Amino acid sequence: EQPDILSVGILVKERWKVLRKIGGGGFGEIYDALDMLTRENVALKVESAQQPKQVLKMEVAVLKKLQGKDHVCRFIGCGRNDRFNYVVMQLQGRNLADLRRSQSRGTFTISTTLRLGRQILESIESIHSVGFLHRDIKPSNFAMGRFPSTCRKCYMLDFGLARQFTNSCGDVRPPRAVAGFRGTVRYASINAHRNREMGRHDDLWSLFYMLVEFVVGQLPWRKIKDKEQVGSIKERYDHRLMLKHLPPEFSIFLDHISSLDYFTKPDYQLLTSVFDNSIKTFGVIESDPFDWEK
C-alpha cells in the first residue's frame, strides 16, 4: 500500500506543522495541523499533484466564495507544489455520520433531526446562492463545531465534487447531455443515477434521503451494493412512504422537490417553512439537548 501523502512532523510553508491524519476517503487526505502563526489547531487537506482527479482547486474556489456565510469553515490558506496541493481551514468537531452511528438504533429524535435538517438546508441555499451545486450531500460532509461557541452549529465540511451552475449574473448554464456522477450511491438522486446534469433540486433530494435515514435509521436500498439496482429502486419508489415518520408538513417538502427540475429554482422559503412550522408544532427550542448530549 502507499504511504500517507504527508509525513507527520513536516512543516508546510514554514507555518503548518502536520500532527495526525484524521481522514483518508474522497480524493485526498486530511490532517490536524498546528498553525504556528495563529498558534491554533487547523484542518489541512492535501492531494497528490500527480493523481488523476484533483478537486482541491474546487475546494478553494467554493470555500473562498462562502467566506462570511454561516455553516462553512474559515479559510486559512492554500498552495500547490510539485508533490502535493493543499488547503487549510477551520478544524471542526464530531461528524454527523459518526454521531448517527453512535445512536442506539442509528436514529436521531425528531428534535435533533429537524434542527440539523434546517441547518443543512441553510447550508444548501447558501452554496446555491454563490452559484455552486454541492452534488455530494451526505452525513460525513457535515460536523458540529468543537468549541462551546460552535458545537451547536453544523458545518458543511467539503466541496470537492461541486460544480458552478451559473454565469456571474445568475444565468443557469446549459446542461451537458451526459454528466458522469462521482458522489455516493446511498444519498444520490435519480438524476445522478441517470448520469444527467445535476441541479439545485438534486442536493435537496440528498437532504431528503439524509433526513429519512436520521429518523428511520436506514434507507430502503441500505443492503443493495449494485449502483444500477439502487437507481432502479429509486426510479420506481413511492417516496410518500418515507413521510410516515416525518412531521406532516414534509408532504409539502416532498411535493415541492418532486416538482423541480434542472431549470427550476427551488422555493427555499417554502422548504424553510416546513422546518420552522414542524419545530414549532413539536415545541422544539434551539437550547434543547441534541441526542449525543443526553
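We number the residues from 1 along the sequence you see.
- For the two regions 161-169 and 199-207, the entry's Cα B-factors average higher over 161-169.
- Per the PDB record, of the two stretches 142-150 and 179-187, 179-187 carries the greater mean B-factor over its C-alpha atoms.
- The residue among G106, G117, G93, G77 whose C-alpha atom has the highest B-factor in the PDB entry is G106.
- Of the candidates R100, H134, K223, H71, the PDB record gives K223 the highest C-alpha temperature factor.
- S111 sits in the middle third of its chain by CA B factor, as recorded in the PDB entry.
- Per-chain ranking of the deposited C-alpha B factor places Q54 in the highest third.
- Residue-level temperature factors show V130 in the middle third of its chain, judged at the C-alpha atom.
- In the deposited entry, the Cα temperature factor of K13 sits in the top third of values across the chain's modelled residues.
- In the PDB entry, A61 places in the middle third of its chain by CA B-factor.
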